[PDB]
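Comments concern the structure below.
Chains as they are written, first to last, in full-length UniProt numbering: chain A, 1 to 89, 93 to 163; chain B, 1 to 89, 93 to 163; chain C, 2 to 147; chain D, 2 to 149; chain E, 278 to 331; chain F, 255 to 355, 370 to 381.
Pasting the structure below:
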């Protein structure tokens, strides 16, 4: 993806967010950070992964933007300069959205292979059995040397 | 389905939603997303599936539209420019609707084959029993080689 | 930290669910056809695209639609797990092969064209013209649970 | 038709003809350092160019000059006939390698630089300074010539 | 081994012969099968000899 | 045959089960098909274990795995001794009841002679 498409895509995904709420320079800053770490030009397979992380970081910057200003710590207002009176009572709204977004990554890109390896059962596949068995660093139960080593007990996991 | 019917069908399903609340461009954006991932022109069996995801994605974009604006974080208002006084108090309503819609897909298309495979019992069907048995990658209890392999124990799941 | 894995799926006796045993001989059901094993351009390294269960024509060229369907490839040299043939054949090398045609019971779920598409009604009636019981009453199409 | 066949020739002892064995720590003659196994910029299945007998400096990189030599790579992971670690490591990944440093009766002919160039006199001096004897004569073998 | 299900991966024999009767006293058949390879393990000690005559 | 004590039961949120049924080409469908085969092959061996998500929505957890057992008391009648009484009941009429362990059997044969 080029530098101009990412701002176009992020703004649409964030419900048409405006420039003052989030500048185009900040989006490039997070976009560039994941470009150098994932060398997207070298391997184009990380386009969905780099795109998903970029949006999440932008939401994080939005939350901290409410902080460091007076918006986060106020929950009341009252103006009265005569006959005009106004009283109203997004920091908390951005919170659960970030939690919700991390649970539905398909909203960004459906090809993220999300939710595929929840349950793992060991010893029910030949591919997984031999990979563990043939690992030279593996130490299993058949290596119990006891008091002092004896040649009756194997020193390697793999079968001869 | 063509590019014009999708807007017409979505608006009716969403209770006649207006143009300003959701533009026809955004509907096409989510509609186009699932068209390329499900190649609807090549296989028309996914028309209900693509339609269901399109409506759900639109609701997701509607929820994030209330966020990123002042509508979500306000719960009071008061106007007075003289004798006229007004005081009133959809982010919360759109939330449970998405949860409800995800539980009643028949409201979109009855042919979605919803709620058919809740309960699974193994070993009570010949079709499923032989599928696991004849799988070359299967590893079952009769393969327990022990300390070192012996020719008295099978190395394949399928019967000779 | 790769953990090398090998895998296989299916057997010979799951694409052919049953035969009609002609007492007089044993070659009644089959026909021997000659096809190109390794791709015509790929080096002498590529495992060929001849997975058992593909539909081939009368002259051995792989099928693409219901028109060019004659038999089902069941040769032992392409059965799952039989993969010691890699360099044994040069590109364009042409070898005999075995097809099953008459008096056979065929699994509808395994038959495919060369591209990968599953067999359709036209292909079914084409095959069933040769006297093959193409059947979909198979038990075992759901694994373990997940 | 072609018959895919291979030969398993090669040995380990040819690089280390003898050792001084300490009655205490038997590992006195070795040291472990983190070398790069797979080429840094190559593909995921580019098997290592490292071979047993390549001189390695103390920094862990394969030696290129006599002054940069500190030991001989004799790791089990590179020995002939057991080099099955193909595609098991990511490009540029580090891995601890065993180096032979002191108390060894090495074979001169099997010591080579990173590019395969044979060891020179300066390399001999640098390697022997640790207390190593670099023999210059192994008998060799003639298998079948129909004459001798 | 022969291709018959009796001896699949079981053993080998030089020559298999079978004789069949239909059990209906109306037909019979004869079968025979073999499978072997002749190998010269040392293609080093066989020397060709070609001769120019006249 | 029907004493299914210790049978394996798995609980999964219905969102995954329903999505697989309507989207055969979705990641949920692949994992469901894997479970149907992995659970059938779940024996005890050198590498048997279970790994489940630990999410929680209410007083009960989202994912769980338990081995069932009879919640109460088993059978009481001990059908074994019922059969033994009836076998001795049958053989006694033929004088051959001694196999359940001048005699009765020899005297019985003399009657027929």
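Built from N, CA and C at the ideal position, the CB exists for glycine as well.
Give the residues of chain E in contact with residue 82/C, contact being defined as C-beta atoms less than 8 Å apart.
For the purposes of this step, residue 82/C is taken as residue 81 along the third chain, with counting starting at 1. Here the premise fails: no neighbours, minimum Cβ distance about 14 Å.
Measuring alpha carbon to alpha carbon, tell me which residue in 18/C, 75/C, 94/C and 71/C is nearest residue 129/C.
The residue given as residue 129/C occupies position 128 in the third chain. Ranking the options by Cα distance to residue 129/C, first place goes to 71/C.
Span of the alpha helix (DSSP H) holding residue 54/B?
In the second chain, residue 54/B corresponds to position 54, counting from 1. Per DSSP, residue 54/B belongs to the alpha helix (DSSP H) from 47-66.
Cross-chain neighbours of residue 25/C in chain E, by beta carbon under 8 Å
If you number the third chain from 1, residue 25/C lands on position 24. Those within 8 Å of residue 25/C in chain E are 304 and 306.
Can you tell me which residues form a DSSP beta bridge with residue 72/C?
Locating residue 72/C in the third chain gives position 71, where the first residue counts as 1. Partner(s): 57/C.
Taking Cβ-Cβ distances shorter than 9 Å, what residues in chain B pair up with residue 12/C?
The residue given as residue 12/C occupies position 11 in the third chain. Near residue 12/C (Cβ distances below 9 Å), the residues of chain B are 137, 139 and 161.
Three-way DSSP call (helix, strand, coil) for residue 309/E in this model
On the fifth chain, position 32 is the one that residue 309/E refers to. Here residue 309/E sits in strand by DSSP.
Can you list, in chain order, the residues of its chain whose CB lies under 7 Å from that of residue 47/A, leaving out five sequence neighbours each side?
What you label residue 47/A is simply residue 47 of the first chain in a count that begins at 1. Taken in chain order, the residues that qualify are 1 and 40.
Can you confirm whether residue 122/A, when its beta carbon is compared against all beta carbons of chain C, has any partner nearer than 9 Å?
Looking up residue 122/A in the first chain gives position 119. Taking Cβ atoms only, chain C reaches closer than 9 Å to residue 122/A, which makes this a yes.
Three or more C-beta pairs below 8 Å linking the stretch 288-305 of chain F and the stretch 310-320 of chain E
No, the stretch 288-305 of chain F does not touch the stretch 310-320 of chain E.
Since residue 157/C contacts residue 105/C with CB under 8 Å, what's their CB separation in whole angstroms?
Outside the displayed span of chain C (2 to 147) sits residue 157/C, for which this structure offers no information.
What residues in the stretch 134-147 of chain C bring their beta carbon closer than 7 Å to a beta carbon of chain F?
For the stretch 134-147 of chain C, which is checked against every Cβ of chain F, the residues closer than 7 Å are 143, 144, 145, 146 and 147.
Just curious, the alpha helix (DSSP H) that residue 276/F is in, first and last residue?
Your numbering for residue 276/F matches position 22 in the sixth chain. For residue 276/F, the enclosing alpha helix (DSSP H) has its first and last residue at 268-276.
Less than 8 Å between the CB atoms is what I'm expecting for residue 329/E and residue 25/C, so what's the real figure, rounded?
Here residue 329/E refers to the residue found at position 52 of the fifth chain. Here residue 25/C refers to the residue found at position 24 of the third chain. Rounded to whole angstroms, the Cβ separation of residue 329/E and residue 25/C is 56 Å, and the two are not in contact under 8 Å.
Note down the Cα distance separating residue 80/B from residue 75/A, rounded to an integer number of angstroms.
Reading the second chain from its first residue, position 80 is the one you call residue 80/B. Reading the first chain from its first residue, position 75 is the one you call residue 75/A. Here the alpha carbon of residue 80/B sits roughly 21 Å from the alpha carbon of residue 75/A.
Simplified DSSP state of residue 32/D, which is helix, strand or coil
Translated into the one-based positions of the fourth chain, residue 32/D becomes position 31. Reduced to three states, the DSSP call for residue 32/D is strand.
Thinking just about the alpha-carbon of each residue, which of 305/F, 277/F and 258/F is nearest to the one in residue 125/A?
On the first chain, position 122 is the one that residue 125/A refers to. When only C-alpha atoms are compared, the closest one is 305/F.
Rounded separation between residue 127/C and residue 127/B - CA only
Mapped onto the third chain, residue 127/C falls at position 126. Mapped onto the second chain, residue 127/B falls at position 124. Their Cα atoms are separated by approximately 35 Å.
Is residue 23/C helix, strand or coil by DSSP?
Numbered from its first residue, the third chain carries residue 23/C at position 22. Reduced to three states, the DSSP call for residue 23/C is coil.
According to DSSP, residue 150/D sits in a beta bridge with which residue or residues?
This structure cannot settle anything about residue 150/D, because the visible part of chain D is limited to 2 through 149.
In angstroms, rounded to a whole number, what distance separates the CA positions of residue 83/A and residue 77/A?
Numbered from 1 along the first chain, position 83 holds the residue referred to as residue 83/A. Numbered from 1 along the first chain, position 77 holds the residue referred to as residue 77/A. Computed Cα separation, rounded: 16 Å.
is_contact[residue 129/A, chain B] using C-beta, thresh 9 Å:
Indexing the first chain from 1 puts residue 129/A at position 126. With 9 Å as the cut-off, residue 129/A counts as an interface residue toward chain B.
Relative to the C-alpha of residue 3/B, which residue among 26/B, 13/B and 17/B is closest?
Working through the second chain from its first residue, we reach residue 3/B at position 3. Nearest option by C-alpha distance: 26/B.
Can you give the Cα-Cα distance for residue 101/B and residue 322/F, rounded to whole angstroms?
The residue you call residue 101/B lines up with position 98 of the second chain. The residue you call residue 322/F lines up with position 68 of the sixth chain. Rounded to the nearest angstrom, the two C-alpha atoms are 36 Å apart.
Nearest residue (CA-CA) to residue 45/B, options 162/B, 152/B, 151/B and 112/B
Position 45 of the second chain, counting from 1, holds the residue named residue 45/B. Among 162/B, 152/B, 151/B and 112/B, the Cα nearest to that of residue 45/B belongs to 112/B.
Cβ shell of residue 259/F (< 8 Å), same chain only, five flanking positions each side left out:
Along the sixth chain, one-based indexing puts residue 259/F at 5. Listed in chain order, the non-local C-beta contacts of residue 259/F below 8 Å within the same chain comprise 322, 323 and 324, local neighbours out to five positions each way being set aside.
Closest Cα partner of residue 94/A within the set 132/A, 14/A, 66/A and 123/A:
Numbered from its first residue, the first chain carries residue 94/A at position 91. Comparing Cα-Cα distances from residue 94/A to each of 132/A, 14/A, 66/A and 123/A, the minimum goes to 66/A.
In chain order, what residues of the same chain lie with their CB nearer than 6 Å to the CB of residue 81/D, ignoring the 5 residues before and after it?
As a first step, residue 81/D is located in the fourth chain; it is residue number 80 there, counting from the start. Cβ within range, chain order: 11.
In this structure, what does DSSP give as the bridge partners for residue 119/C?
One-based indexing of the third chain puts residue 119/C at position 118. Answer is 113/C, bridged to residue 119/C.
Taking Cβ positions only, does residue 143/A come closer than 9 Å to chain F?
For the purposes of this step, residue 143/A is taken as the residue at position 140 of the first chain. Yes, residue 143/A counts as interfacial toward chain F.
Cα-Cα separation between residue 329/F and residue 344/F, rounded to whole angstroms:
Indexing the sixth chain from 1 puts residue 329/F at position 75. Indexing the sixth chain from 1 puts residue 344/F at position 90. Computed Cα separation, rounded: 26 Å.
Counting only runs of 4+ residues fully inside the stretch 118-145 of chain A, write out the alpha helix (DSSP H) ranges in chain order.
If we require 4 residues or more, the alpha helix (DSSP H) runs fully inside the stretch 118-145 of chain A come out as 129-136.
Going along chain A in order, which residues have a C-beta closer than 7 Å to the C-beta of residue 305/F?
Within the sixth chain, residue 305/F is the residue found at index 51, counting from 1. Correct list: 122 and 123.
Anything in chain C within Cβ reach of residue 295/F, meaning under 7 Å, just list it in chain order.
Position 41 of the sixth chain, counting from 1, holds the residue named residue 295/F. Under a criterion of Cβ atoms nearer than 7 Å, the residues of chain C adjacent to residue 295/F are, in order, 145.
Residues near residue 308/F in its chain [Cβ-Cβ closer than 8 Å; skip 5 each side]
For the purposes of this step, residue 308/F is taken as the residue at position 54 of the sixth chain. The residues are 315 and 317.
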